[PDB]
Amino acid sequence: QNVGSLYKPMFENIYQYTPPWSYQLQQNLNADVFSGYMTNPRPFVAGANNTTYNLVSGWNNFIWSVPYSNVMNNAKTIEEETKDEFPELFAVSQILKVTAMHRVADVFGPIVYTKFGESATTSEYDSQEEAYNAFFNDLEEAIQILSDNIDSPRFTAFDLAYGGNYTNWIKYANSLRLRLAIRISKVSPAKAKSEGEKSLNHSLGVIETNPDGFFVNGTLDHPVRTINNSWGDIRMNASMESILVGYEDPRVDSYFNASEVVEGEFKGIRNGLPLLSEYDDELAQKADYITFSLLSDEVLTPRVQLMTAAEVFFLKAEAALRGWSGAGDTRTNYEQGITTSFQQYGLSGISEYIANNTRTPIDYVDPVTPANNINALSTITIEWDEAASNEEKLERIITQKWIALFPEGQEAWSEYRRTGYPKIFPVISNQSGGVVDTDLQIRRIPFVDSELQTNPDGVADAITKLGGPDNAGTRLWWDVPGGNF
């Protein structure tokens, strides 16, 4: 089929494989850092860049342009060619579409989605809620089609995730609906409960084994391999050192290499550093920080991670905490999430880790610049405490999910903004002039330059759908202040 050859660009540009310089702007210099996962040792633009909340709009346009150029147009074409004639191809395409586009909704708020491609002059934005309703509709429609075609092998030749197995696609679609349900569980409790239970009570269920996770089995090098190993322009984040080393988490050696700055120890960099005054330019500062922990080869294979089985267990855990039916027992899901994450890396010691209730994230320490030191903001222990408050319970759930989501910063950054967990360190230098708050941390990215240029009327109308001014400090619709319950 000529339609089949359109899936490769969709697979390869959700989380962009090549060119690595383009992935670096699509995600690495926003979500990968904003999540607490990674830190750039070079303070780009004399310290005035995304990480210090002086946003670089040239960078952030690629958060938008990659999905709209490489995913959205293929989905549209597939829809036009197969929604009637070969529905199963349409269904797979819509699942890839929501995969790509829910990320974009989780960055900007309003997005062009249900109205995509209706005019060559103006593009009209859905509101974030309208986009989420579309997501839920698209997934139910796709799940139903694949269930009617669950035996067909015709997708095999083009499937970089599941080898043609529609069962897996169905389980992942349920799992992706369950993620989005959890995402809207504060702003729309009833809808979230309805959509979550649709996933949890589906006969085929959600992802529950590591081979059933959603990965792109690609051929190109992992894009972060260029950034990490060739350029030395991304390293371990201080928040990762605090949580992983404090918990003595054996995943620290699967995620990172021991640093050169402190031999035999894992060392992270505080994100949001300025051009510190001790350095005369950003190259001199990079020279002292390139020596912190590299990301590990294990997480930088041509296999790109989009949704782990571990994550799904943590989503079930939160669903159970929130009383959604079919979600199971909170503690079992929590412990199964940690266990599944250990097994993804062939790690042992799961039983000791899961029963430990003494370890807590450690204080963070910068051996180069001691003024960057900070006491651990997170104090939660590992072992499930059934008597803990609902906030601490969610914090335990979300903190362990955050470890298990690594290195996929976008999902981790959405969940941080939604729940405040895990309690990652704030930025050292906040160069936003007050538009963004240091402790609350960045909320969103404003509508991109290319839209300001070529779609001013749609952007002007999209701004009316935000809950605030079109800047980085405005909470997205699903980000509701106050408690998580």
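Residue indices: 1-based, along the sequence shown.
Q: Tell me which of 474 to 482 and 1 to 9 has the higher mean C-alpha B-factor in the deposited entry.
A: Between 1 to 9 and 474 to 482, it is 1 to 9 that shows the higher mean C-alpha B-factor.
Q: Mind pulling up the entry and telling me whether 288 to 296 or 139 to 147 has the higher mean Cα temperature factor?
A: Comparing 288 to 296 with 139 to 147, the higher mean C-alpha B-factor belongs to 139 to 147.
Q: Hey, out of 453, 438, 49, 27, whose CA B-factor is highest in the deposited coordinates?
A: Top of the list by C-alpha B-factor: 453.
Q: Highest Cα B-factor in the PDB entry belongs to which of 316, 359, 171, 177?
A: Largest recorded C-alpha B-factor: 359.
Q: Should residue 67 be placed in the lowest, middle or highest third of its chain by the C-alpha B factor in the entry?
A: Tercile = middle for this residue's CA B-factor.
Q: Just say lowest, middle or highest third for the CA B-factor of residue 162 relative to the other modelled residues in its chain.
A: Middle third - that is where residue 162 ends up once the chain's C-alpha B-factors are sorted.
Q: Consider only the C-alpha atoms of the modelled residues in this chain, order them by B-factor as the entry records it, and name the third containing residue 112: lowest, middle or highest.
A: Its C-alpha B-factor, which the entry lists for residue 112, ranks in the middle third among residues of this chain.
Q: Based on the entry's values, in what third of the chain does the Cα temperature factor of residue 155 lie: lowest, middle or highest?
A: As the PDB entry reports it, the C-alpha B-factor of residue 155 lands in the highest third of its chain.
Q: Please place residue 102 in the lowest, middle or highest third of its chain by C-alpha B factor as given in the entry.
A: As the PDB entry reports it, the C-alpha B-factor of residue 102 lands in the lowest third of its chain.
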